[PDB]
Amino acid sequence: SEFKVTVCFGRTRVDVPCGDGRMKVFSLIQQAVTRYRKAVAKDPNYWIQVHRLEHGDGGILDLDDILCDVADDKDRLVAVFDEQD
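Procedures and definitions
Residue labels reflect position in each chain's written sequence, counted from 1, rather than necessarily the entry's numbering. Residues lacking coordinates are not shown. With hydrogens and water set aside, each side-chain value is computed from the structure's full complement of heavy atoms. By definition, two strands form a pair when at least two bridges between them are found by DSSP. Secondary structure elements follow DSSP: runs of H or I of four or more residues count as helices, runs of E of two or more count as strands, with numbering from the N terminus. The contact rule is simple, with two residues in contact once any of their heavy atoms fall within 4.5 Å. Orientation is described by axes fitted as lines to C-alpha atoms, over the contacting stretch for helices, and by angles from 0 to 180 degrees between their N-to-C directions. Each aromatic pair joins two rings of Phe, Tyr and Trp (for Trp, the six-membered one) with centres within 6.5 Å, and gets the label stacked for planes under 30 degrees apart, edge-to-face for over 60, and tilted for any other angle. When accessible area is computed with a 1.4 Å probe and restricted to protein chains, residues below 20% of their type maximum are described as buried, those above 50% as exposed, and intermediate ones as partly exposed.

Solution NMR is the method the PDB entry lists for this structure.

The structure is reproduced here in structure tokens:
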């Protein structure tokens with residue numbers, strides 16, 4: 001099977017299936033962020049400051065480390081960001 005990680009934006013969980021899995025966190029954040037606003041019924045009107053990601057309580061995720069190295073098949077992640085809603 002392919003890669004798959006869930007990115008919980010504040011109070012919204014969004015699944016992100018990686019075809020190969022070789023996608024840097026930075027690419028995962030941008031992909032999740034876009035899907036987040038599109039999933040929450042939002043649009044490119046309010047600002048969104050994506051701080052960083054975290055596995056939970058022992059596995060932070062920054063925009064540079066590969067997914068296969070950080071994320072894991074069917075793994076959840078807490079996304080901390082800002083939003084002017």
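(A) The sheet that holds strand β1 (residues 3-9), seen in detail. Pairing is mixed across the open sheet formed by 5 strands, whose spatial order is β2-β1-β5-β3-β4. Strands with a single pairing partner mark the edges of an open sheet, and in this sheet they are β2 (12-18) and β4 (60-61). Along the sheet face, helix α1 (residues 25-39) touches β1, β2, β3 (48-54), β4 and β5 (75-83) and points at about 60° away from the line of β1.

(B) Seen up close, the packing of aromatic side chains. Taken as a whole, this structure holds 3 aromatic pairs when the rule is applied. Taken together, a centroid distance of 5.1 Å and an interplanar angle of 70° make the contact between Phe9 and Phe81 edge-to-face. One end of the pair, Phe9, is in strand β1; the other, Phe81, is in strand β5, with 72 residues separating them in the sequence. Taking the relative accessible area as the measure of exposure, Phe9 reaches 1% and is therefore buried. With a relative accessible area of 14%, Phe81 lands in the buried category. Taking 4.9 Å as the distance between ring centres and 80° as the angle between the ring planes, the aromatic pair formed by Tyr36 and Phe81 counts as edge-to-face. With a gap of 45 residues between them, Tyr36 in helix α1 and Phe81 in strand β5 connect regions that are remote in the sequence. Here the two residues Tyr36 and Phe81 agree in accessibility, since each one is buried. Members of the aromatic cluster, each reached through a chain of ring pairs, are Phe9, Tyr36 and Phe81.

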